[PDB]
Amino acid sequence: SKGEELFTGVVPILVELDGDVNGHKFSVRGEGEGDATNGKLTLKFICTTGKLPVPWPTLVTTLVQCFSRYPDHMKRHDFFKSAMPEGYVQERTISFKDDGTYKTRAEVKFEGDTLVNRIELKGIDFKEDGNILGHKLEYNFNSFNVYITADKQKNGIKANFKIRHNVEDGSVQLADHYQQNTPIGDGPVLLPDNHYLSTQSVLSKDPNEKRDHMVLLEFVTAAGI
Amino acid sequence: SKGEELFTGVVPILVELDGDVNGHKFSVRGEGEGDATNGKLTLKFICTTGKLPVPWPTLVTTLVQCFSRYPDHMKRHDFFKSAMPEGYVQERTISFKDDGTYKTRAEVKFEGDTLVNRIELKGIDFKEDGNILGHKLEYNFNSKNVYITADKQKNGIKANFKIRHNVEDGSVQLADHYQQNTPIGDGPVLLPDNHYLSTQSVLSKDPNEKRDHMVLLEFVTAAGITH
Ligand SMILES: *C(=O)O[C@H]1CCCCCc2c1nnn2*
């Protein structure tokens, strides 16, 4: 595709999230860069409103699947780069088992040379002193295949997948993800055959950063064809 | 500790493993470097005998907890660096649920300026078309925080923990780990209060390497004590 040409080389990234979980309002801003040729992303996120009222790991999935490395024989199945530069809308419902739900809506698009992810997040029905609002999750992120399928009727894609957040006592907090993406622009996009994305993620801290924050390194590849 | 002084800066690492799984002998050699100040390890491992007869992810835990980043308030709980340069013995039993068992014995010590992990591994009772010998595990590595306790009777530490390996069909292969570490030398070591290590790992391939191999990037930190 012509949109793929925008991801040769290193691309700067900006992420903006405005959030409300059980009435706790917050904002996150992230910056960094992406190298789709190697499937590599490096970002630093800051909570600009003070302390994050939820664990950082619970926002990883919400906080740019266009930086996935598609091998040569699968280039024609890359919807995400296909929609660029005009971009796509990404919406999810994330259901935390025995706890609350996030609903997210993002626009992912180029603004000049920068790939921008602007997100609104609303969370409801979280338990005070549950794993989320009680901050009981380990600072890490487990890797599992995310299966992508075409959504012909919306000219886009969908995905449903399960994230398992490790809990401080050795238990597991399931977060069921339901995802739909659709192009912002008109003009042709690539609708894929079934395949998957695989991401390996490292969460860390900048020792000089005083604000509540997350440093994130990811390596993402597509396979399954 | 005085041994922690050896881990300011970047330290070269050598890993040597001699293995026998169900009678199938193999060897692995790894090289790279560790930066305990940032909890960062980068290594490349090669199977020097040809094709690895087990999946690479099953050897991750066997293939240097002395590179963990202990924060300032927890420095007195770092047994691993405390035993250096003379080092420690690290022994495990790894039970693969409904499958075989690895038994490992390693020495982790300085030889000159290089931190060296030399390991012998014996594996028994594996199923020939089970997840291990049948190569059915995904090329990745998920982990939970590993809880460390003192083992005062051995002047060292122990840990018991679970690794869950993703299987190609969507199932999970559990590997139950039992670990004991004891110092090689006679000098004083640090015996910790209960805490945990958190390791996050990325597995990859070097596109120019022709041998069967694993590139490994890890970030490791200690936490779980307030003070
Ligand atoms: C903690 O044990 O996490 C496990 C949960 C069960 C196995 C499948 C989900 C998984 C795990 N690790 N990462 N994903």
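First the proteins, then the strands, lettered A, B, ... as listed; each starts at 1. What you see below is based on every heavy atom in this structure, not just the backbone, and it leaves out hydrogens, waters and symmetry mates. Remember, it's 1-based here, ligands and their atoms both numbered in the order they're listed.
Results of the side chain to side chain contact (heavy atoms under 4.5 Å, CB included) test with A:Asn131 over A:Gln173, A:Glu168, A:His165 single out A:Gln173 as the only residue that passes.
In B:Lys40, the NZ atom is not crowded: 12 or fewer heavy atoms of neighbouring residues, nucleotides or ligands sit closer than 6.0 Å.
For atom 6 (C) of ligand 1, the closest heavy atom belonging to the protein is B:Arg164 CD, 4.3 Å. Summary of contacts: the protein heavy atom closest to atom 10 (C) of ligand 1 is A:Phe144 CZ, 2.5 Å.
Numbered from 1 in the order shown, with element, the atoms of ligand 1 that lie under 4.0 Å from a heavy atom of B:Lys144 read 1 (C), 2 (O), 3 (O), 4 (C). Ligand-side atoms of ligand 1 in range of B:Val172: 7 (C), 8 (C), range being under 4.0 angstrom from any heavy atom.
Between B:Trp56 and B:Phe45, the two ring planes are tilted [angle within 30° to 60°]. Between A:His77 and A:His195, the ring planes lie tilted relative to each other; the angle falls in the 30° to 60° range.
Contact annotation for A:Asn166 and ligand 1: only side-chain heavy atoms (C-beta onward) come within less than 4.0 Å of the ligand. At a heavy-atom distance under 4.0 Å, no atom of B:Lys162 approaches ligand 1.
Judged purely by distance below 3.5 Å, without hydrogens or angles, the side chains of A:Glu138 and A:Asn140 pair a donor atom with an acceptor atom.
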